[PDB]
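Protein chains in written order, with the UniProt record's numbering: chain A, 28 to 147; chain B, 25 to 147; chain C, 28 to 147; chain D, 25 to 147. Cβ atoms here follow ideal geometry from the backbone N, Cα and C, with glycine treated the same way. Contents: one structure, followed by commentary.
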Ligand SMILES: Cc1[nH]c(=O)c(C#N)cc1-c1ccncc1
Ligand SMILES: Cc1[nH]c(=O)c(C#N)cc1-c1ccncc1
């Protein structure tokens with residue numbers, strides 16, 4: 028029960044988890060370029076688990092990109108955004124469990140992080 | 025009015041159409057001497073999603089006020105059956121003298137957010 | 028694993044669950060008055076479970092009130108809101124699992140409902 | 025300017041202090057012919073949390089634009105170490121002719137929301 032990184036996606040129009048949403052994760056590279064890190068599709072409960080492991084999850088800059096436009100086109104709704112992106116630094120600073128959650132509407136989105144830890 | 029020095033203004037936006045939320049009914053109450061809510065002001069949002077002229081500086085004394093927005097009538101007229109009955113904002117006002125209050129609401133059928141911007145009147 | 032109603036509370040300032048937040052639930056009465064239904068305090072994970080049961084959870088109007096002001100005063104932050112309230116109708120219409128989530132900041136809050144169901 | 029017919033306006037608010045987010049750096053890019061982001065316009069929010077005058081109707085052609093807000097420099101100057109590096113909004117503009125775009129952001133240290141209000145210019 029150790030997932031250093033988890034993504035959750037919700038739909039504000041229908042009051043349900045946003046199922047089958049593509050998610051891509053990149054790590055900032057030395058040349059200051061984005062390199063593919065992990066990717067997947069949200070499950071029936073709007074979640075994506077097992078993107079990585081504590082050993083591979085070192086300090087650095089990460090970018091989480093959510094394909095919100097494909098989600099909305101499948102419902103027959105025209106969206107405003109091309110995609111939703113979250114960029115943050117992961118620091119061993121202290122606590123290492125990260126939950127990124129995204130709430131989606133056709134013209135707006137909100138994102139929040141919940142950073143927590145078992146013990147230390 | 026002036027430019028924007030109203031003691032109380034409400035602004036409602038639509039997260040589904042990316043537009044101002046027009047013709048939304050808004051009701052404001054003040055808590056009375058007896059723990060009961062009394063009618064204070066009423067109105068509807070204009071074509072830019074705003075509601076101006078609800079009160080005056082002199083009438084807007086210190087107190088606990090309730091801003092109730094009728095979101096359910098708004099989604100229903102669009103053919104959508106939403107989650108909430110209404111949106112309500114409860115807050116203590118003019119506590120440490122007069123201030124100008126902007127209450128904003130962003131609406132979606134199963135979600136809403138609300139924010140306040142408080143400014144100190146011509147200092 | 029059957030909780031018709033669950034409440035989740037998060038803190039936007041500190042990126043953590045909002046722990047020990049008082050929550051009260053009322054049911055609209057015939058005289059159109061609010062009657063105490065259930066109450067509790069959020070756990071270490073920001074959640075409140077077991078407010079009720081499927082038999083007691085009949086159709087009607089419910090009001091969930093979150094004591095946000097006490098939460099913020101304990102951190103030494105002066106808040107704008109007296110409390111956060113969610114009013115909704117529970118209809119057997121179809122699906123009966125309700126998750127109310129609230130995200131808190133000193134001057135703003137957002138609430139969303141996730142309505143779902145196992146089978147039917 | 026006029027009253028409010030700017031093709032692109034940005035508005036940043038602070039959810040912790042209930043105020044406009046003043047002196048926030050904003051950078052806008054357009055995707056070029058070669059899948060690369062090119063600099064388009066730059067600026068800072070004023071005392072009301074707004075940014076006016078970034079472009080003109082004639083210069084704002086159809087394309088994919090990126091609005092990047094520097095939220096991290098804003099929280100840091102307040103003594104707070106926030107979660108995000110910045111906030112970014114990516115969207116296709118003027119696709120089916122000219123429109124006026126208002127991008128709003130509401131900020132908190134570990135959260136942000138963004139909304140767009142799109143209007144059809146003097147019809
Ligand atoms: C971006 C934004 N997000 C919210 O969650 C919210 C709420 N409530 C309001 C606004 C906002 C939009 C336009 N002008 C001012 C504030
Ligand atoms: C991202 C998010 N945004 C909101 O505006 C909100 C409200 N209210 C809740 C959540 C949320 C975060 C984590 N788990 C579930 C929901």
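Ligand 2 approaches residue 128(C) closely enough that one of its heavy atoms is under 7 Å from the residue's Cβ.
Counting other Cβ atoms within 10 Å of its Cβ, residue 63(A) stays below 16 and is therefore classed as exposed.
When distances are taken from the beta-carbon of residue 139(C) to the heavy atoms of ligand 2, the shortest one is below 7 Å. Under a 10 Å Cβ-count criterion, residue 73(B) is classified as buried, with 16 or more other Cβ atoms of the shown protein chains found around its own Cβ. Considering only beta carbons, the part of the stretch 107 to 137 of chain C lying closer than 8 Å to chain D consists of 107, 130, 132, 133, 134, 135, 137, in chain order. Among the CB atoms of chain D, one or more fall inside 8 Å of the CB of residue 140(A). Look at residue 60(C) here: in three-state DSSP terms it is coil, with no helix or strand label.
In chain order, 133, 134 make up the part of chain B whose C-beta sits under 8 Å from the C-beta of residue 41(A).
For the stretch 34 to 60 of chain A, the set of positions with a beta-carbon nearer than 8 Å to some beta-carbon of chain C reads 37, 39, 42, 43, 44 in chain order. The beta carbon of residue 88(D) sits closer than 8 Å to some beta carbon of chain A.
With a cutoff of 8 Å on beta-carbon distance, residue 78(C) and residue 69(C) are scored as not near each other. Listed in chain order, the beta strand (DSSP E) elements of length 3 or more contained wholly in the stretch 109 to 146 of chain C are 111 to 117, 124 to 132, 135 to 143. Secondary-structure assignment with DSSP links residue 71(A) through no beta bridge to anything. Judged by the Cβ position, residue 37(A) qualifies as a neighbour of ligand 2 at the 7 Å threshold, a heavy atom of the ligand being closer than this. For residue 35(C), the enclosing beta strand (DSSP E) begins and ends at 32 to 38. Rounded to the nearest angstrom, the Cβ distance from residue 39(D) to residue 132(D) is 4 Å, consistent with a contact under 8 Å. With 16 or more neighbouring CB atoms inside 10 Å of its own CB, residue 92(A) falls in the buried class.
Residue pairing for residue 92(B): DSSP places it in a beta bridge opposite 51(B), 112(B). Scanning its chain for C-beta atoms nearer than 6 Å, with the 5 sequence neighbours on each side dropped, one finds around residue 143(D) the residues 124, in chain order.
Taking every protein chain shown into account, the CB of residue 42(B) has 16 or more other CB atoms within 10 angstroms, so this residue is buried. Residue pairing by DSSP places residue 65(C) opposite 52(C) in a beta bridge. Within its own chain, the residues whose Cβ lies closer than 6 Å to the Cβ of residue 113(D), once the five positions on either side in sequence are excluded, are 91, 127, 138, listed in chain order. Residue 141(A) is positioned such that its CB atom lies closer than 8 Å to that of residue 37(C). Taken through DSSP and simplified to helix, strand or coil, residue 43(B) comes out as strand. In this structure, residue 43(A) has its CB at a distance of at least 7 Å from all heavy atoms of ligand 1.
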